[PDB]
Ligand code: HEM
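Okay, so here's just one chain, in structure tokens, the form deposited without the ligand.
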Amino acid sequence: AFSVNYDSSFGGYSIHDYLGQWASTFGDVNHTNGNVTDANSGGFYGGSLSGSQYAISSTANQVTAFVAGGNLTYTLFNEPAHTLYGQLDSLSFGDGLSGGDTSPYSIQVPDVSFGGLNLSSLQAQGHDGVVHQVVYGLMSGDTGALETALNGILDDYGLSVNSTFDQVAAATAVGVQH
């Protein structure tokens, strides 16, 4: 049940191509946004360290954000030690998070997102566990780990992170490659 959760308007990017564009704005410290009021940084939702959701906004400009969500667990007292693992299904890139009070973080300007990954890492999947990878990648403005995770569903149909927002969604819809 995977798909690209892009705002139905950008449906013509190669996944890796738009994600790079997201990181473009992410890296730029002076990048503001007139649509961004609150601009919440993140730091989980249903947990102090482990839980459901894990959002991150650009440490540079603290607008260009990323909402992660799955079934997380922070291994402080655990085996890998001070690491991340657990499940992952959906990402969500966009400018400026809001909420983070009584509601979960959500992008004020909701852009491309991800859903249906269904990737869960085992206990000892410390920094090598793709969920840990993708999150800290995202946090740093890297999509080079997410692209490889994305390839997990795409490769089943024969696509990749370089597949278009139309083709990915269509292939995960049913597959329209023939």
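Note that residue numbering follows the sequence shown and begins at 1.
The form solved in complex with the ligand is left out here; the points below concern that form.
With the partner omitted from this view, the residue of 119, 139, 60, 109 that lies near the ligand in the entry with it bound is 139 [heavy atom within 4.5 Å]. The three residues 33, 44 and 84 all sit with a heavy atom within 4.5 Å of the ligand in the entry with it bound.
Among heavy atoms of residue 54, some come within 4.5 Å of the ligand in the entry with it bound.
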